[PDB]
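> Got a structure for you, questions after.
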Amino acid sequence: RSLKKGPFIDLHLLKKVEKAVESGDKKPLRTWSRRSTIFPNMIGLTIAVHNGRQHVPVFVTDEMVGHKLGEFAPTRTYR
Amino acid sequence: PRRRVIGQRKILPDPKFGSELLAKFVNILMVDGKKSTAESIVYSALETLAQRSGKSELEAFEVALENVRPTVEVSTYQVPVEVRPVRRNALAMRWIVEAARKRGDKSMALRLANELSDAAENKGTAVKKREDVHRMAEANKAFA
Amino acid sequence: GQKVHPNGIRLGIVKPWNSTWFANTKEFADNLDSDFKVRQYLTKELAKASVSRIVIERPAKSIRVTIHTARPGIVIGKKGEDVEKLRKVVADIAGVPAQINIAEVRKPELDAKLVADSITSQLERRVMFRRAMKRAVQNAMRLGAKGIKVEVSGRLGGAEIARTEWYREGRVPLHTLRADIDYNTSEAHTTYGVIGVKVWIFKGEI
Amino acid sequence: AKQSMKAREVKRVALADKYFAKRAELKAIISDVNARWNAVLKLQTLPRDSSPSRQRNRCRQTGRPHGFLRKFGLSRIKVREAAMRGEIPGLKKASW
Amino acid sequence: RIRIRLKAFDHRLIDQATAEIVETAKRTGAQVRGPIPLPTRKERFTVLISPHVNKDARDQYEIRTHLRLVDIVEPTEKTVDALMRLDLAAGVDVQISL
Amino acid sequence: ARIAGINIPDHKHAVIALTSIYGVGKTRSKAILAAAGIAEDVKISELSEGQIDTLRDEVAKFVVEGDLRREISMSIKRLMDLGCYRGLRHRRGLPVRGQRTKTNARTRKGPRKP
Amino acid sequence: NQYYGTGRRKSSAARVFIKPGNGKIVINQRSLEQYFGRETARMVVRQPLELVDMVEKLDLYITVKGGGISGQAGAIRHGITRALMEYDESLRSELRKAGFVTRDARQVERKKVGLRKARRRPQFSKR
RNA sequence: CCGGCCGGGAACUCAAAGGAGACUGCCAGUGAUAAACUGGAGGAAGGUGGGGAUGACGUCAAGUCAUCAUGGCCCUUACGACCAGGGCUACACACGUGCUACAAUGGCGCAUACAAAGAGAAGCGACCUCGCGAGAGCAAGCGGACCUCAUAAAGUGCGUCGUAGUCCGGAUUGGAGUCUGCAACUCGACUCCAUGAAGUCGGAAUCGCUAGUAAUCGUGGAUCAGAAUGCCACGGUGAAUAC
């Protein structure tokens, strides 16, 4: 995969997740940051991930954790 | 060949028997510029040919190749025409080598040793190629 | 499109280079771009002066620009304030202490930069091209010039299709590599668009 | 090639030698086998154009992105034009 | 002892320059080895010659860097005083490293 | 010769007849014969029974036939039940590892339809 | 005494030294059957010495570098025939006639632009 | 200290500058006693020696207004500008050009020999230690015929495999990682373990090559932080055939 040293999330998503788990899961999060590895504290939140045009809501299950965000937001619509 | 009549280049003879005939035979057998491999195959195959027939090396080769040399070869006419000697033994070697590549034995030295042995009593595949050429030039004899 | 540039195939044979500095890979691009700036500036600010060549050389952290021109007096001026002004701004551009020299191109009708600039100037003063070309070939063949070919091209006389119409007199041996062919090229921005003027001048066989 | 792009290129160089080569120190020294804190991996809120892997190496004269040649600093087109005129020293046709 | 290594793009210009530095040095000082030539670096550049498609039309170019090495042996004060400020070369890079 | 399952390989060198076990290639087989102290080029004929169940004892220490097939199947099911890119991609029957589907996706996608 | 030949062949160079003596061949401080005499055609370094024979005639200390197997071997052949200024210009009648004093000036042809190699043009489609 | 390693030698390879050399020059024959052709000697080379650069007047109103320049037209709170995410990587399909194969003239393991040409400072990065490996750590030397990339590989000598979809082939896929880079999900490269398709020589048809050529084997470079089976170069082995 990547990275022997740390996983990756953006610092703005770090702060939005800390405030999102502190004051309870109230609303989906506008996230453009698809670069970001799902952390175990993010479990239960609804984080909408940008797929180029739309923020699609991603409910975090326990087995999302070894993954990037953008895996759960497909960008190309094939029929 | 449109204009240019040509010479020909001189090949080095064989490093074991001094035979330019057999040197051209290892060049006919050679693939991908690998000459060492081809001369190993020729030395092994003709060595077991000399051991099997008991004659000698290149007279067993010269008999086995003497049985496959074509005599003559072929609106659309298929005229019969007399083969030049250099082309004669060139075709001989090409048919021996090609028929030896067709065979289903283990090693190339056994395929070619068995093909030269099958050509010593003229019953192999290259003799069927020679008889085939001679049926074509014998059927169409009416054009000279 | 098929002929080699007749300066470039003669670069080691008879023609010299217009830049004659050595530089390693660290400063080759920087020296080269600094040369584009000093030839760009020094070409724009001497448009009236009939400049032929500008030769750069860099002896040990200092530029040495040589202006081959046909009118050296207008480059120097009344006591050479224009020269010291030019080396001041060339020292501004290149960032090194600048020297500057002026080489007088006598016989200016045998220099292809001056001929192409002449015909270009006449074409953008709206004169007919056959006079400009034909006069250029006649007065160039008049003084030496074992051959000359001029070639204008492109929407000539304000047409709606583009022609070429080249002329030549004498011998212009362009595949011969020891031929001293002085070739240069200009563009005439007229009110109908660009008109390309090429001119080859054969001077001698070695 | 689109003035905007050349200006954008100068922006990226100026940020590249302002921040990084001074705080790219971080990514060379602290992301290392030393302790750890997650902190300096998150201290890449530097303006993303300080990264020197965002310069394109455009042509010095025309700003063309493709066909660049690092020795001369120019695209292949201006290398040929200038090479033939004789402003590139030493450079001439090759044949062997 | 004192190696002077000269580089230039023009071989006439570099052997002129090194002939001048040789006769300067062994005229004033002593014990100059000689202009050893040290292989020419040929850097080749293969550009596309057209402003659009047409890969197969290319133009090949080269820059030949010539070296010469001198290697002056005797460290006379006269040859290092007389060796400085006297080049009269324009396209030569010298390296006068001891 | 019935090692690690119903697998019965024979009349072949032991480095290579062990590769018949689903979950051992060449490397892992060199590890089994080195760990069991067996020469690499003996057959299963000409090999004792105590020697065979030392090979059983060694091949039991890696995840092989059944456990490996259901482990792989479990991995693929986890992906397809996540509905990630690798799962949708794994589900439609199109190449996973970011390859070219405009042409030449043909192992993964099967021989061409019309 | 000591007799020299330069002897090169496709990017090789074989210094050939000859003293009169036995029939030994010393190539890069190594024997003939150990340098390339485990390989194809060690006969060609011995071809100049079958025109009048080497049986116990001359020890030759040869030193070749550059090139391949056959390149080095052809270089030694040319080197010995250049180094048979031991005897006079007598030999160079017959040694000329075997085609041995000819420097075989076949070199690898350069790759040319738009061709995959020196002449193999890339294949062209429909028409 | 057996290594050009040292003192040393400048012979030799070589390096690079300057010269000599090949011109039908000599001989014989044929030919309008002409041009020339055929053959021979000498010579490293023999008849534009090999290769390259060099591409006439013009043709295709061929290609490029997106390298650049440019006439006219058009947008000028937008057809200009800044940003994040996406796309250019989509896939029922069809075509082009390549790579790897289908194997025994081979696969694998062990040992061992012979290159040329290049690149390198925000770079090439030894030695040594750790890791199965990609790599990591400390870090000399080198702006370079001095150091590094960098071990050439086919070859050869042994052993094994034994005509099997096999010890062929490596696609695909799961897992585990390394590096570069703010960041490898869309969408890198490489490594390790596992998986092990299709393919057994290709229908009609079609292409390249005339000699260091084709074929085959490796190596380097440009672009480039990282990304070539492409491109541009370099050498190794080395044919067949031309009535």
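Every chain in the structure tokens has a letter given in the order shown (A, B, ...), and although residue numbers restart at 1 in each chain, ligands are simply numbered from 1 in the order shown.
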Given a cut-off of 10 Å, which residues of chain D touch chain A, counting only C-alpha atoms, written out as a PyMOL selection string?
chain D and resi 31-33+36-39+41-45
> I need the residues of chain C that end up classed as helix (DSSP H, G or I) by DSSP on the backbone, written out as a PyMOL selection string.
chain C and resi 8-10+28-44+72-76+81-94+108-110+112-123+129-142
> Please identify every residue of chain H that has at least one atom no more than 12 Å from any atom of chain C, counting only C-alpha atoms (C1' of nucleotides), and report them as a PDB file with N, CA and C atoms (P, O5', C5', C4', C3', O3' and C1' of nucleotides), in the first residue's frame.

```pdb
ATOM      1  P     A H  53      20.912  10.941 -41.867  1.00  0.00           P
ATOM      2  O5'   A H  53      21.575  12.377 -41.926  1.00  0.00           O
ATOM      3  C5'   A H  53      21.679  13.148 -40.745  1.00  0.00           C
ATOM      4  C4'   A H  53      22.604  14.316 -40.959  1.00  0.00           C
ATOM      5  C3'   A H  53      22.207  15.324 -42.013  1.00  0.00           C
ATOM      6  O3'   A H  53      21.180  16.206 -41.587  1.00  0.00           O
ATOM      7  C1'   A H  53      24.457  14.830 -42.304  1.00  0.00           C
ATOM      8  P     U H  54      19.932  16.429 -42.539  1.00  0.00           P
ATOM      9  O5'   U H  54      20.618  17.000 -43.841  1.00  0.00           O
ATOM     10  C5'   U H  54      21.222  18.311 -43.840  1.00  0.00           C
ATOM     11  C4'   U H  54      21.982  18.497 -45.128  1.00  0.00           C
ATOM     12  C3'   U H  54      21.158  18.530 -46.400  1.00  0.00           C
ATOM     13  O3'   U H  54      20.528  19.797 -46.535  1.00  0.00           O
ATOM     14  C1'   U H  54      23.048  17.175 -46.740  1.00  0.00           C
ATOM     15  P     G H  55      18.940  19.878 -46.560  1.00  0.00           P
ATOM     16  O5'   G H  55      18.673  18.960 -47.793  1.00  0.00           O
ATOM     17  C5'   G H  55      18.202  19.532 -48.997  1.00  0.00           C
ATOM     18  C4'   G H  55      17.377  18.514 -49.716  1.00  0.00           C
ATOM     19  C3'   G H  55      15.870  18.819 -49.759  1.00  0.00           C
ATOM     20  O3'   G H  55      15.796  19.475 -51.050  1.00  0.00           O
ATOM     21  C1'   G H  55      16.387  16.515 -49.223  1.00  0.00           C
ATOM     22  P     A H  56      14.487  20.169 -51.604  1.00  0.00           P
ATOM     23  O5'   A H  56      15.000  20.907 -52.906  1.00  0.00           O
ATOM     24  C5'   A H  56      16.304  21.497 -53.031  1.00  0.00           C
ATOM     25  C4'   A H  56      16.505  21.825 -54.485  1.00  0.00           C
ATOM     26  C3'   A H  56      15.261  22.315 -55.216  1.00  0.00           C
ATOM     27  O3'   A H  56      15.155  23.725 -55.120  1.00  0.00           O
ATOM     28  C1'   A H  56      16.231  20.563 -56.443  1.00  0.00           C
ATOM     29  P     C H  57      13.856  24.415 -54.469  1.00  0.00           P
ATOM     30  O5'   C H  57      12.899  24.663 -55.720  1.00  0.00           O
ATOM     31  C5'   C H  57      13.343  25.444 -56.833  1.00  0.00           C
ATOM     32  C4'   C H  57      12.471  25.201 -58.019  1.00  0.00           C
ATOM     33  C3'   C H  57      10.992  25.223 -57.733  1.00  0.00           C
ATOM     34  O3'   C H  57      10.437  26.530 -57.708  1.00  0.00           O
ATOM     35  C1'   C H  57      11.518  23.310 -59.001  1.00  0.00           C
ATOM     36  P     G H  58       9.245  26.845 -56.698  1.00  0.00           P
ATOM     37  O5'   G H  58       7.947  26.260 -57.402  1.00  0.00           O
ATOM     38  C5'   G H  58       6.943  25.590 -56.635  1.00  0.00           C
ATOM     39  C4'   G H  58       6.581  24.308 -57.316  1.00  0.00           C
ATOM     40  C3'   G H  58       5.492  23.483 -56.652  1.00  0.00           C
ATOM     41  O3'   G H  58       4.186  23.936 -56.969  1.00  0.00           O
ATOM     42  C1'   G H  58       7.276  22.079 -57.191  1.00  0.00           C
ATOM     43  P     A H  61      -5.640  19.322 -52.209  1.00  0.00           P
ATOM     44  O5'   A H  61      -4.860  20.697 -52.024  1.00  0.00           O
ATOM     45  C5'   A H  61      -5.650  21.875 -52.206  1.00  0.00           C
ATOM     46  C4'   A H  61      -5.092  23.023 -51.417  1.00  0.00           C
ATOM     47  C3'   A H  61      -5.420  23.077 -49.928  1.00  0.00           C
ATOM     48  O3'   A H  61      -4.460  22.188 -49.312  1.00  0.00           O
ATOM     49  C1'   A H  61      -5.574  25.234 -50.962  1.00  0.00           C
ATOM     50  P     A H  62      -4.149  22.198 -47.690  1.00  0.00           P
ATOM     51  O5'   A H  62      -3.484  20.785 -47.508  1.00  0.00           O
ATOM     52  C5'   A H  62      -4.179  19.603 -47.835  1.00  0.00           C
ATOM     53  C4'   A H  62      -3.492  18.443 -47.138  1.00  0.00           C
ATOM     54  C3'   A H  62      -3.114  18.708 -45.680  1.00  0.00           C
ATOM     55  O3'   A H  62      -4.198  18.407 -44.806  1.00  0.00           O
ATOM     56  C1'   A H  62      -1.196  17.987 -46.853  1.00  0.00           C
ATOM     57  P     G H  63      -4.797  19.533 -43.799  1.00  0.00           P
ATOM     58  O5'   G H  63      -3.686  19.509 -42.661  1.00  0.00           O
ATOM     59  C5'   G H  63      -3.352  18.246 -42.050  1.00  0.00           C
ATOM     60  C4'   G H  63      -2.303  18.427 -40.989  1.00  0.00           C
ATOM     61  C3'   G H  63      -2.343  19.728 -40.224  1.00  0.00           C
ATOM     62  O3'   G H  63      -3.353  19.728 -39.217  1.00  0.00           O
ATOM     63  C1'   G H  63      -0.127  19.181 -40.789  1.00  0.00           C
ATOM     64  P     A H  69       2.907  34.586 -29.124  1.00  0.00           P
ATOM     65  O5'   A H  69       3.195  35.412 -30.443  1.00  0.00           O
ATOM     66  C5'   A H  69       4.457  36.074 -30.620  1.00  0.00           C
ATOM     67  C4'   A H  69       4.680  36.321 -32.081  1.00  0.00           C
ATOM     68  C3'   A H  69       3.526  36.973 -32.832  1.00  0.00           C
ATOM     69  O3'   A H  69       3.421  38.372 -32.626  1.00  0.00           O
ATOM     70  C1'   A H  69       4.295  35.177 -34.087  1.00  0.00           C
ATOM     71  P     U H  70       1.976  39.007 -32.423  1.00  0.00           P
ATOM     72  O5'   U H  70       1.255  38.770 -33.810  1.00  0.00           O
ATOM     73  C5'   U H  70       1.686  39.476 -34.989  1.00  0.00           C
ATOM     74  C4'   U H  70       0.938  38.937 -36.178  1.00  0.00           C
ATOM     75  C3'   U H  70      -0.547  39.141 -36.153  1.00  0.00           C
ATOM     76  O3'   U H  70      -0.871  40.460 -36.601  1.00  0.00           O
ATOM     77  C1'   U H  70      -0.099  36.920 -36.788  1.00  0.00           C
ATOM     78  P     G H  71      -2.120  41.216 -36.019  1.00  0.00           P
ATOM     79  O5'   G H  71      -3.097  41.233 -37.253  1.00  0.00           O
ATOM     80  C5'   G H  71      -2.641  41.684 -38.533  1.00  0.00           C
ATOM     81  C4'   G H  71      -3.671  41.378 -39.606  1.00  0.00           C
ATOM     82  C3'   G H  71      -5.122  41.550 -39.243  1.00  0.00           C
ATOM     83  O3'   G H  71      -5.532  42.911 -39.296  1.00  0.00           O
ATOM     84  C1'   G H  71      -4.859  39.519 -40.367  1.00  0.00           C
ATOM     85  P     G H  72      -6.589  43.465 -38.206  1.00  0.00           P
ATOM     86  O5'   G H  72      -7.901  42.542 -38.398  1.00  0.00           O
ATOM     87  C5'   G H  72      -8.698  42.798 -39.559  1.00  0.00           C
ATOM     88  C4'   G H  72      -9.744  41.743 -39.798  1.00  0.00           C
ATOM     89  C3'   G H  72     -10.761  41.517 -38.693  1.00  0.00           C
ATOM     90  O3'   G H  72     -11.827  42.445 -38.672  1.00  0.00           O
ATOM     91  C1'   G H  72      -9.965  39.441 -39.401  1.00  0.00           C
ATOM     92  P     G H 120      24.668  15.015 -16.496  1.00  0.00           P
ATOM     93  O5'   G H 120      24.793  14.837 -14.917  1.00  0.00           O
ATOM     94  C5'   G H 120      23.643  14.583 -14.091  1.00  0.00           C
ATOM     95  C4'   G H 120      24.117  14.040 -12.770  1.00  0.00           C
ATOM     96  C3'   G H 120      25.191  14.851 -12.064  1.00  0.00           C
ATOM     97  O3'   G H 120      24.598  15.945 -11.353  1.00  0.00           O
ATOM     98  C1'   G H 120      25.759  12.576 -12.009  1.00  0.00           C
ATOM     99  P     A H 121      25.078  17.401 -11.655  1.00  0.00           P
ATOM    100  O5'   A H 121      24.806  18.183 -10.300  1.00  0.00           O
ATOM    101  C5'   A H 121      23.471  18.422  -9.859  1.00  0.00           C
ATOM    102  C4'   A H 121      23.473  18.413  -8.352  1.00  0.00           C
ATOM    103  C3'   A H 121      23.692  19.758  -7.670  1.00  0.00           C
ATOM    104  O3'   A H 121      22.901  19.785  -6.483  1.00  0.00           O
ATOM    105  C1'   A H 121      25.380  18.250  -6.985  1.00  0.00           C
ATOM    106  P     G H 123      19.257  15.618  -4.451  1.00  0.00           P
ATOM    107  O5'   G H 123      19.268  14.656  -5.720  1.00  0.00           O
ATOM    108  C5'   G H 123      19.166  15.124  -7.081  1.00  0.00           C
ATOM    109  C4'   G H 123      20.350  14.648  -7.901  1.00  0.00           C
ATOM    110  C3'   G H 123      20.918  13.264  -7.606  1.00  0.00           C
ATOM    111  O3'   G H 123      20.166  12.231  -8.226  1.00  0.00           O
ATOM    112  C1'   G H 123      22.684  14.799  -7.913  1.00  0.00           C
ATOM    113  P     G H 143      36.340  15.810  -8.530  1.00  0.00           P
ATOM    114  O5'   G H 143      35.486  16.819  -9.395  1.00  0.00           O
ATOM    115  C5'   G H 143      34.229  17.269  -8.926  1.00  0.00           C
ATOM    116  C4'   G H 143      33.235  17.264 -10.062  1.00  0.00           C
ATOM    117  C3'   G H 143      33.482  18.244 -11.218  1.00  0.00           C
ATOM    118  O3'   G H 143      34.147  17.404 -12.189  1.00  0.00           O
ATOM    119  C1'   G H 143      31.176  18.236 -10.514  1.00  0.00           C
TER     120        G H 143
END
```
> Counting only C-alpha atoms (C1' of nucleotides), which residues of chain F come no farther than 10 Å from chain H, as JSON, numbers by chain?
{"F": [12, 13, 15, 16, 17, 22, 23, 24, 25, 26, 27, 28, 41, 63, 64, 68, 69, 71, 72, 73, 74, 75, 76, 84, 85, 86, 90, 94, 95, 96, 97, 98, 99, 100, 101, 102, 103, 105, 106, 107, 108, 109, 110, 111, 112, 113, 114]}
> Could you list, as a ChimeraX atom specification, every residue within 6 Å of stretch 59-71 of chain A, counting only C-alpha atoms (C1' of nucleotides) and ignoring same-chain residues fewer than 5 positions away?
/A:34,36-39,43-46 /F:84-85 /H:185
> Pull out every residue of chain E sitting within 9 Å of chain G, counting only C-alpha atoms, and send them as a count of residues only.
4
> State, in Å with one decimal place, the distance from atom CA of residue G:23 to atom CA of residue G:46.
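If I compute the distance from atom CA of residue G:23 to atom CA of residue G:46, I get 10.5 Å.
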> Excluding same-chain residues fewer than 2 positions from stretch 42-46 of chain B, what lies within 12 Å of it counting only C-alpha atoms (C1' of nucleotides), as number ranges by chain?
B: 14-17, 22-30, 35-40, 48-62, 64, 97, 100, 107-117; H: 105
> Just to be explicit: take each residue in the selection above, keep C-alpha atoms (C1' of nucleotides), and write the result as a PDB file, in the first residue's frame.

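This is the output file selection28.pdb:
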```pdb
ATOM      1  CA  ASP B  14      34.179 -26.462 -39.235  1.00  0.00           C
ATOM      2  CA  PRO B  15      36.497 -26.281 -36.179  1.00  0.00           C
ATOM      3  CA  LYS B  16      36.491 -30.075 -35.697  1.00  0.00           C
ATOM      4  CA  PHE B  17      36.547 -31.467 -39.253  1.00  0.00           C
ATOM      5  CA  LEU B  22      29.194 -28.961 -42.451  1.00  0.00           C
ATOM      6  CA  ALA B  23      29.894 -25.340 -41.436  1.00  0.00           C
ATOM      7  CA  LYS B  24      26.998 -24.266 -43.649  1.00  0.00           C
ATOM      8  CA  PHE B  25      25.007 -27.080 -42.035  1.00  0.00           C
ATOM      9  CA  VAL B  26      25.538 -25.592 -38.567  1.00  0.00           C
ATOM     10  CA  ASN B  27      24.538 -22.205 -40.007  1.00  0.00           C
ATOM     11  CA  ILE B  28      21.316 -23.700 -41.441  1.00  0.00           C
ATOM     12  CA  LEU B  29      20.586 -25.217 -38.032  1.00  0.00           C
ATOM     13  CA  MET B  30      21.470 -22.096 -36.000  1.00  0.00           C
ATOM     14  CA  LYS B  35      26.252 -20.735 -33.076  1.00  0.00           C
ATOM     15  CA  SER B  36      27.831 -22.543 -30.136  1.00  0.00           C
ATOM     16  CA  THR B  37      24.533 -24.266 -29.359  1.00  0.00           C
ATOM     17  CA  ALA B  38      24.026 -25.331 -32.965  1.00  0.00           C
ATOM     18  CA  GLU B  39      27.576 -26.734 -33.346  1.00  0.00           C
ATOM     19  CA  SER B  40      27.100 -28.630 -30.093  1.00  0.00           C
ATOM     20  CA  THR B  48      26.132 -40.627 -32.601  1.00  0.00           C
ATOM     21  CA  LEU B  49      25.585 -40.931 -36.349  1.00  0.00           C
ATOM     22  CA  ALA B  50      29.218 -42.031 -36.798  1.00  0.00           C
ATOM     23  CA  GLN B  51      28.861 -44.369 -33.826  1.00  0.00           C
ATOM     24  CA  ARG B  52      25.574 -45.867 -35.098  1.00  0.00           C
ATOM     25  CA  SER B  53      26.401 -46.303 -38.808  1.00  0.00           C
ATOM     26  CA  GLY B  54      30.019 -47.203 -37.960  1.00  0.00           C
ATOM     27  CA  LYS B  55      31.307 -45.681 -41.213  1.00  0.00           C
ATOM     28  CA  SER B  56      32.989 -42.406 -40.184  1.00  0.00           C
ATOM     29  CA  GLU B  57      31.750 -38.874 -39.526  1.00  0.00           C
ATOM     30  CA  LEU B  58      31.281 -36.858 -42.681  1.00  0.00           C
ATOM     31  CA  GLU B  59      30.933 -39.705 -45.132  1.00  0.00           C
ATOM     32  CA  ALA B  60      27.946 -40.894 -43.086  1.00  0.00           C
ATOM     33  CA  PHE B  61      26.823 -37.273 -43.269  1.00  0.00           C
ATOM     34  CA  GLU B  62      27.685 -37.164 -46.980  1.00  0.00           C
ATOM     35  CA  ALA B  64      22.699 -39.270 -45.614  1.00  0.00           C
ATOM     36  CA  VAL B  97      17.053 -29.558 -40.659  1.00  0.00           C
ATOM     37  CA  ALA B 100      14.454 -32.837 -37.911  1.00  0.00           C
ATOM     38  CA  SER B 107      16.817 -33.736 -27.889  1.00  0.00           C
ATOM     39  CA  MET B 108      17.710 -31.989 -31.135  1.00  0.00           C
ATOM     40  CA  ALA B 109      20.803 -34.158 -31.481  1.00  0.00           C
ATOM     41  CA  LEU B 110      18.534 -37.228 -31.386  1.00  0.00           C
ATOM     42  CA  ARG B 111      16.000 -35.711 -33.763  1.00  0.00           C
ATOM     43  CA  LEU B 112      18.712 -34.881 -36.261  1.00  0.00           C
ATOM     44  CA  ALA B 113      20.748 -38.036 -35.647  1.00  0.00           C
ATOM     45  CA  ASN B 114      17.594 -40.075 -36.256  1.00  0.00           C
ATOM     46  CA  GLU B 115      16.744 -37.939 -39.286  1.00  0.00           C
ATOM     47  CA  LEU B 116      20.182 -38.427 -40.851  1.00  0.00           C
ATOM     48  CA  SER B 117      19.962 -42.138 -39.962  1.00  0.00           C
TER      49      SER B 117
ATOM     50  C1'   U H 105      18.331 -24.855 -29.725  1.00  0.00           C
TER      51        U H 105
END
```
